[PDB]
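In the form deposited in one PDB entry, a lone chain appears below as structure tokens.
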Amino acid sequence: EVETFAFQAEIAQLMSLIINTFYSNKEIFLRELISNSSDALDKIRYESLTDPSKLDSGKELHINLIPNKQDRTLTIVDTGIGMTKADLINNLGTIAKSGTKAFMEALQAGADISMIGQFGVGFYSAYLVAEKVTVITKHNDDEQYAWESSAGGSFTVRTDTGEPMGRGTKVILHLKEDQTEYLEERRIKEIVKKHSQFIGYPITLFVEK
């Protein structure tokens, strides 16, 4: 069973702005997603201070980067707090509404796309390099769900029947044809060392076989 939802008009037209605007500094997408993973890991670590059973679904707090040249996908996995179904549909969209509005206001005042993280909507920078984004997430209080959107005004949510994750969030970036450079090991290392050197969690860059 697949449910189809519409983006709020503000989020939809920001996504099209990220897709259609000529902006060469696309590498910042990785910084925003890694930063999003770092925030989710901080959340579960803090909550586990007053409730250690919240780590029964996994005690390791880390970030994995998985390039796949055959599928043309780049996957960012974290063992953070994860997201519930209401997070995917209601809660985060409400936050992204006001954050998107403020971001596009600044973009006309001279700001550029790289400052998207200051408005809390850094996730949508994934569409600088991806034509489709899939989000697999598992929260301690909810089932495993699969969110997905190729922009165009809508997204889908379904119960995930794939590999159980224990806890956390998996962001799968189906890259554009001309953005295969972010599947190369040396390029990812250069971006991580440039924008995410001080992230307080281990970042493991998986090598292909």
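All residue numbers refer to positions in the sequence shown, first residue = 1. Each form is matched to the other, and the largest set of C-alpha atoms that superpose within 1.5 Å is called the rigid core.
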Item to check | Mean C-alpha B-factor comparison - 105-113 and 120-128, higher one | outcome: 105-113
Item to check | Mean C-alpha temperature factor, higher of 160-168 and 61-69 | outcome: 160-168
Checklist entry - Which one of 95, 83, 133, 77 shows the top CA temperature factor in the record? => result 95
Next on the checklist: Highest Cα temperature factor in the entry, among the options 32, 148, 39, 177: which one is it?
Outcome noted: 177
Next on the checklist: Based on the deposited C-alpha B factors for this chain, I'd like to know if residue 49 is in the lowest, middle or highest third.
Outcome noted: highest
Checklist outcome for this item: Assert third(CA B-factor, residue 184) within chain per record equals highest
Next on the checklist: Is residue 23 in the lowest, middle or highest third of its chain when residues are ranked by C-alpha B-factor?
Outcome noted: highest
Checklist entry - Where does residue 2 sit by CA temperature factor within its chain: lowest, middle or highest third? => result highest
Next on the checklist: Please place residue 192 in the lowest, middle or highest third of its chain according to the CA B-factor in the PDB entry.
Outcome noted: lowest
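A second form of this protein, the form deposited in another entry, is not displayed here; the remarks below concern that form.
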Checklist entry - Relative to the superposed core, which single residue of 54, 62, 31, 174 shows a CA shift of 2 Å or more between the shown form and the other one? => result 54
Item to check | Core-superposed comparison between the shown form and the other one, residue 92 Cα displacement 2 Å or beyond | outcome: yes
Checklist entry - Your call: residue 64 and residue 91 CA atoms, closer or farther in the other form versus the shown structure, by 3 Å or more? => result closer
Checklist entry - Shorter or longer C-alpha distance for residue 57 and residue 144 in the other form, given it differs from this form by 3 Å or more? => result farther
